[PDB]
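I have placed the structure first, in the form of structure tokens, so that the comments after it can refer back to it.
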Amino acid sequence: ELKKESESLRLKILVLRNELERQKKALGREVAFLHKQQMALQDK
Amino acid sequence: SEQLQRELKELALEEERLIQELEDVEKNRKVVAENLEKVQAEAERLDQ
């Protein structure tokens, strides 16, 4: 049943997009924190 | 019916690309954690 298979994939996609955004935002924070610590070590 | 079959194939490729992208972000987060721990381990050495 396509209409169901289509809807299933659309919902899976919506959830993945939201998940990808949250993880990208986490990575962004983690990179900035790593860089801060790397530079702190460089600087002192 | 044809269109909707072509549609289904394109949605699967998009779903797969999002899954791959999430995988790749996790790969990145893992490296960042590993490198953070090495920097912290060295900082702790110096602070003693």
Side-chain angles (χ1 to χ4, degrees):
Chain A
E1 229 287 332
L2 287 138
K3 290 171 158 196
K4 287 198 277 180
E5 295 183 308
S6 261
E7 176 58 13
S8 282
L9 269 163
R10 288 195 306 259
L11 289 174
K12 291 190 179 282
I13 289 174
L14 174 161
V15 170
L16 287 157
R17 282 206 233 283
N18 288 344
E19 283 171 345
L20 174 65
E21 179 172 345
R22 289 188 294 271
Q23 290 237 14
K24 280 169 67 185
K25 287 174 171 178
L27 177 60
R29 294 186 306 267
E30 288 156 16
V31 167
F33 184 75
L34 168 66
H35 283 169
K36 176 177 190 82
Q37 306 302 304
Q38 289 168 322
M39 293 301 180
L41 200 62
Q42 248 119 227
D43 294 343
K44 294 176 189 173
Chain B
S1 83
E2 196 286 350
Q3 270 180 324
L4 182 56
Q5 282 172 1
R6 165 203 292 113
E7 146 164 10
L8 198 70
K9 175 175 181 140
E10 179 44 51
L11 285 173
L13 293 167
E14 293 185 46
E15 185 204 16
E16 295 158 10
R17 171 193 68 90
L18 287 166
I19 297 169
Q20 189 60 57
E21 286 175 348
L22 194 46
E23 284 186 70
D24 291 343
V25 166
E26 289 146 16
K27 314 185 156 286
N28 206 335
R29 294 182 64 199
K30 195 183 180 198
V31 165
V32 164
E34 293 176 328
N35 283 340
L36 177 66
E37 183 285 335
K38 291 185 176 174
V39 168
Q40 291 177 346
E42 181 53 42
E44 292 159 357
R45 286 186 198 104
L46 293 191
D47 287 5
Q48 304 161 7

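Residue numbers begin at 1 in each chain, while the letters A, B, ... track the order of the sequences.
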- Who pairs with A:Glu1 by side chain to side chain donor-acceptor pair (under 3.5 Å), at least two apart in sequence or on another chain? none
Under 3.5 Å, sequence neighbours excluded: what are the donor-acceptor pairs made by side chains of residues 40-48 of chain B?
from, atom 1, to, atom 2, distance (Å)
B:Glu42, OE1, B:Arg45, NH1, 2.9
B:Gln48, NE2, B:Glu44, O, 3.4

- Under 4.5 Å heavy-atom distance to chain B, tell me which part of A:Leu41 shows up: side chain, backbone, both or neither. side chain
- Might you work through the salt bridge (charged side-chain N to carboxylate O under 4.0 Å, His left out) test for A:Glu7 and A:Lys4, ending with a clear yes or no? CA-CA 5 Å; A:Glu7 176 58 13; A:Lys4 287 198 277 180; over 6 Å; no
- Which region of B:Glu7, side chain (C-beta onward) or backbone (N, CA, C, O), has a non-hydrogen atom less than 4.5 Å from a non-hydrogen atom of chain A, or is it both or neither? side chain
- Task: Under 4.5 Å heavy-atom distance to chain B, tell me which part of A:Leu9 shows up: side chain, backbone, both or neither.
- Result: side chain
- Out of A:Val31, A:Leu16, A:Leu27, which one racks up the most heavy-atom pairs below 4.5 Å with chain B? A:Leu27
- For B:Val32 against A:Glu30, the heavy-atom pair lying closest together: CG1-O, 3.6 Å
